[PDB]
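Have a look at run.cif; it's mmCIF, C-alpha atoms:
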data_run
loop_
_atom_site.label_atom_id
_atom_site.label_comp_id
_atom_site.auth_asym_id
_atom_site.auth_seq_id
_atom_site.Cartn_x
_atom_site.Cartn_y
_atom_site.Cartn_z
CA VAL A 639 -2.22 -17.62 15.88
CA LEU A 640 -0.58 -17.75 12.47
CA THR A 641 1.69 -20.86 12.58
CA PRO A 642 4.46 -20.15 9.89
CA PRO A 643 7.74 -18.48 11.03
CA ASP A 644 7.40 -14.73 10.84
CA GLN A 645 9.97 -12.41 12.33
CA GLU A 646 8.51 -9.09 13.51
CA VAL A 647 11.89 -7.43 13.46
CA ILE A 648 13.72 -8.96 10.53
CA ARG A 649 11.13 -9.28 7.77
CA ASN A 650 12.22 -6.48 5.50
CA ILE A 651 13.40 -7.12 1.96
CA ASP A 652 12.33 -6.55 -1.70
CA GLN A 653 8.74 -7.09 -0.69
CA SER A 654 7.21 -6.18 -4.08
CA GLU A 655 7.11 -2.42 -3.37
CA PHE A 656 10.89 -2.32 -3.59
CA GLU A 657 10.37 -1.00 -7.09
CA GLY A 658 7.64 0.46 -9.29
CA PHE A 659 6.39 -3.11 -9.66
CA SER A 660 2.64 -3.08 -8.89
CA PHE A 661 2.93 -0.04 -6.61
CA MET B 1 11.84 -32.68 34.37
CA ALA B 2 13.67 -30.56 31.83
CA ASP B 3 13.04 -26.87 32.35
CA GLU B 4 14.90 -25.88 29.20
CA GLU B 5 11.89 -26.96 27.15
CA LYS B 6 10.22 -23.85 28.47
CA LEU B 7 10.46 -20.44 26.92
CA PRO B 8 11.63 -17.08 28.33
CA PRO B 9 8.93 -14.61 29.52
CA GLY B 10 7.03 -13.25 26.57
CA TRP B 11 7.41 -16.40 24.53
CA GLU B 12 4.53 -18.78 24.56
CA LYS B 13 4.80 -22.35 23.45
CA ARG B 14 1.76 -22.58 21.26
CA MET B 15 0.26 -25.19 18.99
CA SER B 16 -1.13 -25.16 15.48
CA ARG B 17 -4.93 -25.05 15.33
CA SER B 18 -6.35 -28.58 15.03
CA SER B 19 -2.94 -29.80 13.84
CA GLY B 20 -0.99 -30.61 17.00
CA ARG B 21 2.22 -28.96 15.85
CA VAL B 22 4.07 -27.07 18.56
CA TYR B 23 5.75 -23.74 17.80
CA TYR B 24 6.92 -20.62 19.63
CA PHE B 25 4.77 -17.49 19.73
CA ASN B 26 6.01 -14.26 21.24
CA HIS B 27 3.03 -12.24 22.37
CA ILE B 28 5.25 -9.31 23.29
CA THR B 29 6.29 -8.22 19.81
CA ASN B 30 3.95 -10.76 18.05
CA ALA B 31 6.85 -12.76 16.57
CA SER B 32 6.69 -16.48 15.84
CA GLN B 33 9.13 -19.22 14.95
CA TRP B 34 9.81 -22.92 15.35
CA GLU B 35 13.46 -22.65 16.30
CA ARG B 36 14.50 -22.20 19.93
CA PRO B 37 15.49 -18.52 20.59
CA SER B 38 18.59 -19.70 22.43
CA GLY B 39 19.34 -22.45 19.91
CA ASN B 40 22.52 -20.78 18.71
CA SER B 41 24.10 -24.19 18.26
CA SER B 42 23.29 -24.13 14.54
CA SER B 43 22.01 -21.09 12.67
CA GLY B 44 20.59 -21.19 9.16
CA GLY B 45 22.45 -19.13 6.63
CA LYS B 46 23.09 -19.60 2.94
CA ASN B 47 26.06 -18.19 1.05
CA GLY B 48 25.31 -15.18 -1.11
CA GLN B 49 27.76 -13.34 -3.34
CA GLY B 50 27.67 -9.61 -2.87
CA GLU B 51 27.26 -7.32 0.11
CA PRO B 52 23.82 -5.87 1.16
CA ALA B 53 24.25 -3.13 -1.48
CA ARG B 54 22.12 -5.25 -3.76
CA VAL B 55 20.01 -8.34 -3.17
CA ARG B 56 17.87 -10.93 -4.92
CA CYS B 57 14.82 -12.61 -3.48
CA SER B 58 11.61 -14.34 -4.45
CA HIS B 59 8.08 -13.54 -3.34
CA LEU B 60 4.56 -14.90 -3.58
CA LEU B 61 1.93 -12.19 -3.99
CA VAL B 62 -1.75 -12.84 -3.46
CA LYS B 63 -4.39 -10.24 -4.33
CA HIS B 64 -7.69 -9.81 -2.54
CA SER B 65 -11.06 -8.25 -3.36
CA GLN B 66 -10.33 -4.73 -2.01
CA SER B 67 -6.96 -4.50 -3.79
CA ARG B 68 -5.60 -1.67 -5.99
CA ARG B 69 -6.31 -4.01 -8.86
CA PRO B 70 -9.01 -6.74 -8.68
CA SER B 71 -7.70 -8.28 -11.88
CA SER B 72 -4.66 -10.31 -12.86
CA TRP B 73 -3.29 -12.26 -15.82
CA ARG B 74 -4.62 -15.54 -14.44
CA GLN B 75 -7.78 -14.21 -12.77
CA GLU B 76 -9.50 -11.00 -13.80
CA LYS B 77 -12.36 -11.44 -11.34
CA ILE B 78 -10.25 -11.82 -8.17
CA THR B 79 -12.78 -11.87 -5.37
CA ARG B 80 -11.14 -13.46 -2.36
CA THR B 81 -11.52 -12.26 1.19
CA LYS B 82 -8.56 -11.24 3.36
CA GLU B 83 -9.08 -14.27 5.66
CA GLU B 84 -8.85 -16.55 2.64
CA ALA B 85 -5.66 -14.97 1.31
CA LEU B 86 -4.00 -15.33 4.71
CA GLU B 87 -5.00 -18.93 5.22
CA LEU B 88 -3.96 -19.99 1.73
CA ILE B 89 -0.59 -18.20 1.84
CA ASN B 90 0.19 -19.57 5.31
CA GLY B 91 -0.85 -22.97 4.07
CA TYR B 92 1.69 -22.72 1.28
CA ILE B 93 4.48 -21.95 3.74
CA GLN B 94 3.51 -24.98 5.81
CA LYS B 95 3.89 -27.38 2.92
CA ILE B 96 7.14 -25.67 1.88
CA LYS B 97 8.74 -26.08 5.34
CA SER B 98 7.50 -29.65 5.27
CA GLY B 99 9.50 -30.27 2.10
CA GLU B 100 6.41 -30.94 0.01
CA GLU B 101 6.74 -28.07 -2.42
CA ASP B 102 9.75 -25.83 -2.84
CA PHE B 103 9.24 -22.09 -2.63
CA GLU B 104 10.43 -21.66 -6.21
CA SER B 105 8.26 -24.46 -7.63
CA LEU B 106 5.31 -23.36 -5.52
CA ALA B 107 5.65 -19.61 -6.18
CA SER B 108 5.73 -20.13 -9.95
CA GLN B 109 2.54 -22.10 -9.40
CA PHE B 110 0.40 -20.05 -6.98
CA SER B 111 1.69 -16.53 -7.71
CA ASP B 112 -1.25 -14.22 -8.29
CA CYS B 113 1.18 -11.51 -9.39
CA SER B 114 3.13 -11.24 -12.64
CA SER B 115 6.16 -12.74 -10.88
CA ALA B 116 4.66 -16.20 -11.52
CA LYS B 117 6.67 -16.72 -14.71
CA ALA B 118 9.87 -15.89 -12.86
CA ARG B 119 8.97 -18.27 -10.00
CA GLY B 120 8.49 -15.34 -7.67
CA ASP B 121 12.03 -14.12 -8.32
CA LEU B 122 12.14 -10.35 -8.56
CA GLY B 123 15.73 -10.30 -9.71
CA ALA B 124 18.94 -8.77 -8.43
CA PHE B 125 18.74 -5.02 -8.01
CA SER B 126 20.82 -2.35 -6.34
CA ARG B 127 19.75 0.50 -4.02
CA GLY B 128 18.35 3.64 -5.57
CA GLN B 129 15.40 2.28 -7.49
CA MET B 130 13.50 1.45 -4.31
CA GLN B 131 10.95 3.57 -2.46
CA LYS B 132 12.46 5.57 0.43
CA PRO B 133 11.10 3.29 3.27
CA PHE B 134 11.64 0.13 1.21
CA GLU B 135 15.18 0.93 0.03
CA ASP B 136 16.77 0.14 3.37
CA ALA B 137 14.22 -2.63 3.80
CA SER B 138 15.45 -4.76 0.85
CA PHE B 139 18.79 -5.28 2.58
CA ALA B 140 17.43 -6.36 6.01
CA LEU B 141 16.83 -10.09 5.28
CA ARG B 142 19.74 -12.41 4.59
CA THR B 143 20.17 -15.46 2.42
CA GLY B 144 18.15 -18.25 3.98
CA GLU B 145 15.47 -16.24 5.74
CA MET B 146 11.81 -16.52 4.84
CA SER B 147 9.18 -14.24 6.34
CA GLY B 148 5.46 -14.84 6.60
CA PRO B 149 2.51 -12.76 5.35
CA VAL B 150 3.76 -9.18 5.16
CA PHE B 151 1.14 -6.43 4.89
CA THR B 152 2.16 -3.75 2.38
CA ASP B 153 0.06 -1.62 0.02
CA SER B 154 0.04 -4.22 -2.78
CA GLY B 155 -1.42 -6.86 -0.48
CA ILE B 156 -0.56 -10.07 1.31
CA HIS B 157 2.72 -11.66 0.27
CA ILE B 158 5.59 -13.80 1.55
CA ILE B 159 9.35 -13.51 0.84
CA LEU B 160 12.50 -15.63 0.61
CA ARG B 161 16.01 -14.34 -0.23
CA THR B 162 18.27 -16.45 -2.43
CA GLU B 163 21.19 -14.04 -2.92
#

Structure encoded using structure tokens:
Amino acid sequence: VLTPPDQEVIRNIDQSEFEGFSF
Amino acid sequence: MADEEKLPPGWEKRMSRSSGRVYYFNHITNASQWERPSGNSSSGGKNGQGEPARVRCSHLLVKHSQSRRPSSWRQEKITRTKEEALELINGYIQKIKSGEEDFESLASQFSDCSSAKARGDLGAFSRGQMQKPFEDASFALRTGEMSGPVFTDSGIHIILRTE
């Protein structure tokens, strides 16, 4: 159980590590 | 009795813990959503200028105890457990989808990362400056899609594309 909408397949984007930002 | 209120095999009509809210949980791939899988009558999609060669989204990053960095600009003694981070970030989404706090207004507020000042907005960038696995990733979500708690190296964080 999680509750919020979360797509296992389409969830990819600039998720922080899209650049040198943080890691 | 309507049978169309049921879900296809693999999809389980679940309910929020101690809340009473009904949503759809797919135990096959572990996906979850509130919209009917076959509800193609009206799809959500915002208009964004520019092809998936470059994108612009916003994110809310939350750091935990065992993170690369246990310190931040707002909290240098970040000692929150993984269960806490998940519950708080999922809680934020729930108020957002309820129209209580907008992602932008809320991200600028609860961002544990340095993206707080920019309301979670990372900016518009083009391919090339991304990590190999993440480069093609940036372009997967469209304008109007918000994902839940994604588990990357940096930690637990949510995402919403605006352009």

Requested in this report: Could you tell me how far CA of residue 115 (chain B) lies from CA of residue 90 (chain B), in Å and to one decimal?
Outcome: 18.6 Å

To test the calculation: enclose all listed atoms of region 8-14 of chain B in a box whose edges run along x, y and z, add 5 Å on each side, then state centre and edge lengths in Å to one decimal, as JSON.
{"center_x": 6.7, "center_y": -17.9, "center_z": 25.4, "size_x": 19.9, "size_y": 19.3, "size_z": 18.3}

Report task. Would you kindly translate the PyMOL selection byres ((chain B and resi 106-111) around 12) into the concrete residues it picks from this file, as a ChimeraX atom specification? Result -> /B:57-63,72-75,85,88-89,91-97,99-105,112-122,156-160

Query raised in the report: Any chance you could work out the residue set of the PyMOL selection byres ((chain A) within 6 of (chain B)) here, as a PyMOL selection string?
Result: chain A and resi 641+643-646+649-652+656-657

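Rounded to one decimal, CA of residue 10 (chain B) and CA of residue 83 (chain B) lie 26.4 Å from each other.
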
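Coordinates place CA of residue 13 (chain B) at a distance of 15.0 Å from CA of residue 39 (chain B).
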
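For the choices B:48, B:98, B:38, B:82, the atom-to-atom distance to residue 642 (chain A) is smallest for B:98 when using all atoms listed in the file.
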